[PDB]
Amino acid sequence: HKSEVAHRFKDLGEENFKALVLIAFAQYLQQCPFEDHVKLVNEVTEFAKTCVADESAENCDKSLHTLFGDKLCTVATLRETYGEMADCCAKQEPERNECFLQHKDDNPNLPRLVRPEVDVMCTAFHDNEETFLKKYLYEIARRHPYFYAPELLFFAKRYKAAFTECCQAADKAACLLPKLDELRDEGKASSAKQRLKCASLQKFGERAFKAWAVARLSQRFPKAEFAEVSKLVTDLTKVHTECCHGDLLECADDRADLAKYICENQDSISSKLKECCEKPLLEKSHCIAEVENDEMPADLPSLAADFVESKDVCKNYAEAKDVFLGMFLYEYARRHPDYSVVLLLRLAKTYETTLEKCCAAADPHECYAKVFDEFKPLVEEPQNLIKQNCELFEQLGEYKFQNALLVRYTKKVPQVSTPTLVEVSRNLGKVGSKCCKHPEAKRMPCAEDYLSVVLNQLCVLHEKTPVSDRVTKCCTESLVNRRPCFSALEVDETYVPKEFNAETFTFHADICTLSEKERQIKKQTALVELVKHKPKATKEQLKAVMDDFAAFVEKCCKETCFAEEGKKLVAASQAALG
Ligand SMILES: CN(C)c1cccc2c(S(=O)(=O)NCCCCCCCCCCC(=O)O)cccc12
Ligand SMILES: CN(C)c1cccc2c(S(=O)(=O)NCCCCCCCCCCC(=O)O)cccc12
Ligand SMILES: CCCCCCCCCCCCCC(=O)O
Ligand SMILES: CCCCCCCCCCCCCC(=O)O
Ligand SMILES: CCCCCCCCCCCCCC(=O)O
């Protein structure tokens, strides 16, 4: 294209472009003020408008990277503030940008963004929505460099959707909070998800990713033929590589390409994309990414024909082990959108293992005749965990369910820090709440997604804060071994009950009117340490100690009750629990 910025501006919109450029600059110039970026945006935007006005206007012809880099090198505070990031400015573009990528900082070290009071927000919103949206856009972008700009934008507009919606409702907070919390969550899952997706590719391997991808793709596009799914995973793996590589523009293009490829091939891919393809370049790939599984073809055959019965299972497998395995995965996944990808991978890894084993032996067919029976222990297992957990959760609610989880895991991994156990437990509960509402069919996918994110947040938090080798194990496990390993975490019977400490167990009227979250967190962190000091305590002895608390607390909110009515709880339980 003549002038890529003219182009971009025109095929994005003034708005989207201002937002993206902001996000873009916010993401490198993470220690720069809002107004400086706004200045740059304005400086970039207006310039772009000249490039639009006339695609031949000086500097319009320049690469979106060059402009961007130049624009980055126009920031005066650039050497003082970004130090060596500024040295990038001396490098010629190909290197200049790759140098700016290097100097993007994932854990950039910023104040936690503190959700202001609704009214404050709702008013700042109403007054200067544009500034509102961008100022926070700014904060989230610089906090999340690497976080894919357009998506951030989509959260942005969803944030706008939540403010426009809630800032004119009877109870603003009753409306917004849940919504900002939804967005807060999904913003984190999405950030956590990207974090992961890039780590995934590197540690677990391009293979593992392609496998994961094929399974996903095939569940999402059952009626797509394997050659098609594979095309998509080859390209998806590429776009993915580039988005991880971090460069927004390349990445964005790659995803645009793919999305266009996928829209000019909806018939070959999915019938559920009509919606996703009528959308603008911007929303395309992301809509696509999020698209739901297409209906699988009416009455498909077992995989027994191609993977057991076929004469040439072994020949086909050996002639291209990974294509075949992908075909298995394809055929298995397409048939099972109900399975979590990793499951499919476990099944495929399994069918790979026996093929490896069998195809060598005198009679493979005999040997691998019952390979699918090996698939049941693997399918049911995580299927059971859904039934079981969604049962547990339906008999307990999000909250007491987290508490269920908390004691389960604190018992499983007592060394893990308590805030961690509280969060992963809390998030776990949340994913329980989220995926259990889902029907049996969509449950496992759903879980796996949140799960791998929860697990990964847990796992990387556990990295260089390590406390349980068994976790480091479950963390340094295979993409597919990860969750099982965890689900294989027993109670740490070598665990020495952490020595008692009254302070963690003394609470105050603080508790009675803390936000219902803080309440839960303090209760759950309490419940945790409770298990940490008394690992060996039956669901009998705990519903005991907890039903105490519950009573002990509402039968208190003259608040020195906590120092005394507390004292009793502290010693009563201590003795009761052996
Ligand atoms: C590349 N990665 C990690 C992926 C992100 C989101 C969805 C993905 C799906 S899917 O079945 O859930 N979605 C349908 C195909 C998505 C094609 C649209 C491109 C969006 C992916 C961009 C995100 C990225 O490449 O990291 C299958 C395979 C990979 C996906
Ligand atoms: C030779 N090359 C480069 C290849 C050609 C064609 C397909 C290929 C696939 S694939 O995604 O299309 N096929 C699915 C991969 C099979 C993986 C099944 C086992 C699960 C992971 C293995 C064990 C582990 O590391 O967790 C993956 C990797 C390489 C492929
Ligand atoms: C500096 C001006 C250009 C800013 C554009 C960078 C972000 C690219 C937006 C195009 C969106 C790609 C499609 C997608 O979301 O997958
Ligand atoms: C406590 C977990 C969330 C509540 C119910 C769903 C989670 C259990 C499902 C485990 C399977 C997820 C990944 C996998 O396929 O192994
Ligand atoms: C060792 C004796 C001190 C008592 C330990 C208090 C920890 C109990 C946490 C409360 C769990 C939630 C119960 C509820 O839903 O109210």
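Note that these values count all heavy atoms, side chains included, but never hydrogens, waters or copies made by symmetry. The chain is numbered in sequence order, starting from 1.
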Determine whether the interatomic SG-SG distance for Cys175 and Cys166 falls below 2.5 angstrom. yes
Classify the ring geometry of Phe209 against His240: parallel below 30°, tilted from 30° to 60°, perpendicular beyond 60°. tilted
Is it the case that atom CD in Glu43 sees more than 12 heavy atoms from other parts of the structure closer than 6.0 Å? yes
Report yes or no: is the cationic atom of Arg158 (NZ for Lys, CZ for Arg) under 6.0 Å from the centre of the six-membered ring of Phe163, at an angle within 45° of the ring normal? no
In terms of side-chain geometry, is the basic nitrogen of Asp61 or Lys2 positioned less than 4.0 Å from the acidic oxygen of its partner? no
Would you find more than 12 non-hydrogen atoms of other residues, nucleotides or ligands less than 6.0 Å from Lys193 atom NZ? yes
Within the side chain of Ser270, is there an N or O that forms a donor-acceptor pair under 3.5 Å with the backbone of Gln266? no
Sidechain N-carboxylate O distance under 4.0 Å for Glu165, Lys179: yes
Separation of SG atoms, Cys251 and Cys243, below 2.5 Å: yes
Between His103 and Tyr82, is the gap from one ring center to the other below 6.0 Å? no
Separation between OH (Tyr399) and CG (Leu406), nearest 0.5 Å, reads 8.5 Å
Count the heavy atoms of every other residue, nucleotide or ligand shown that sit under 6.0 Å from CD of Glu55, and state whether that count exceeds 12. no
Please step through side-chain hydrogen bond (donor to acceptor under 3.5 Å, both in side chains) for the pair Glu14 and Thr45, ending with a clear verdict. CA-CA 8 Å; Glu14 188 157 309; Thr45 303; over 6 Å; no
When rounded to the nearest 0.5 Å, the distance separating CZ of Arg143 from CG of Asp106 is 13.5 Å
Presence of salt bridge, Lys172 and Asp119, under 4.0 angstrom: no
Could you tell me whether a side-chain N or O of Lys437 sits under 3.5 Å from a main-chain N or O of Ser433, the two making a donor and an acceptor? yes
Is any side-chain N of the basic residue among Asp70 and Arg96 closer than 4.0 Å to the acidic one's carboxylate O? yes
Is the number of heavy atoms from other residues, nucleotides or ligands within 6.0 Å of CD (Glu95) greater than 12? yes
Here's one to test your reading of the geometry: is the NZ or CZ of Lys231 within 45 degrees of the ring axis of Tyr261 and under 6.0 Å from its centre? yes
So does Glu278 pair up with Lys274, basic N to acidic O under 4.0 Å? yes
SB check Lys135 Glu139 (cutoff 4.0 Å): yes
Salt bridge (charged side-chain N to carboxylate O under 4.0 Å, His left out) between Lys430 and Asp181, intermediate numbers included: CA-CA 12 Å; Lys430 280 197 271 315; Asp181 289 64; over 6 Å; no
Between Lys434 and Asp185, does at least one N-O distance fall below 4.0 Å, as a salt bridge requires? no
Does the salt bridge (charged side-chain N to carboxylate O under 4.0 Å, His left out) test come out yes or no for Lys39 and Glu35, once each step is laid out? CA-CA 6 Å; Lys39 221 260 288 108; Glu35 301 76 28; over 6 Å; no
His144 vs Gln194, side-chain hydrogen bond (donor to acceptor under 3.5 Å, both in side chains): CA-CA, chis, key distance, verdict: CA-CA 10 Å; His144 299 71; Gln194 287 159 112; over 6 Å; no
Does the gap between the ring centers of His37 and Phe25 come in under 6.0 Å? no
Start with the C-alpha distance between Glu292 and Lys272, add both sets of side-chain angles, then the distance that settles salt bridge (charged side-chain N to carboxylate O under 4.0 Å, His left out), and finish with yes or no. CA-CA 7 Å; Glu292 85 141 284; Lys272 305 286 192 72; 3.4 Å; yes
Stepwise side-chain hydrogen bond (donor to acceptor under 3.5 Å, both in side chains) check, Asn265 with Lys260: CA-CA 8 Å; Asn265 291 236; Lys260 73 171 168 60; over 6 Å; no
Pair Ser63-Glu4, side-chain donor/acceptor within less than 3.5 Å: no
Within a reach of under 6.0 Å around CD of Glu516, are more than 12 heavy atoms found that belong to other residues, nucleotides or ligands? yes
Would you check if there is a donor-acceptor pair between the side chains of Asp105 and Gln30 at a distance under 3.5 Å? no
When you take the SG atom of each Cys, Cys485 and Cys474, is the space between them under 2.5 Å? yes
Do we see a donor-acceptor contact under 3.5 Å between the side chains of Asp247 and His65? yes
Do the side chain of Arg216 and the main chain of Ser340 share a donor and acceptor less than 3.5 angstrom apart? no
Is there a disulfide (SG to SG under 2.5 Å) between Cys263 and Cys276 once you walk through the steps? CA-CA 8 Å; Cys263 287; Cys276 277; over 6 Å; no
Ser478 versus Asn481, side-chain donor and acceptor atoms under 3.5 Å: yes
Quick one: which of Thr504, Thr410, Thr418 gives a side-chain hydrogen bond (donor to acceptor under 3.5 Å, both in side chains) with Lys532? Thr418
Where do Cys446 and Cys435 land on the disulfide (SG to SG under 2.5 Å) test, with the steps shown first? CA-CA 5 Å; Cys446 180; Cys435 299; 2.0 Å; yes
Is the count of non-hydrogen atoms from other residues, nucleotides or ligands lying under 6.0 Å from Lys442 atom NZ greater than 12? yes
Check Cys475 against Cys459 for me: are their SG atoms closer than 2.5 Å? yes
Would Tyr159 and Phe155 count as a ring-ring contact (aromatic ring centres under 6.0 Å, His included) here? Give the steps. CA-CA 6 Å; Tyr159 267 117; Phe155 275 110; 7.2 Å; no
Does a donor on one side chain and an acceptor on the other come within less than 3.5 Å for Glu98 and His245? yes
Only one of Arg519, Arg426, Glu529 forms a side-chain hydrogen bond (donor to acceptor under 3.5 Å, both in side chains) with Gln524, so which one is it? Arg426
Apply side-chain hydrogen bond (donor to acceptor under 3.5 Å, both in side chains) to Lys197 and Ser200, showing your working. CA-CA 5 Å; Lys197 268 12 230 143; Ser200 191; 3.1 Å; yes
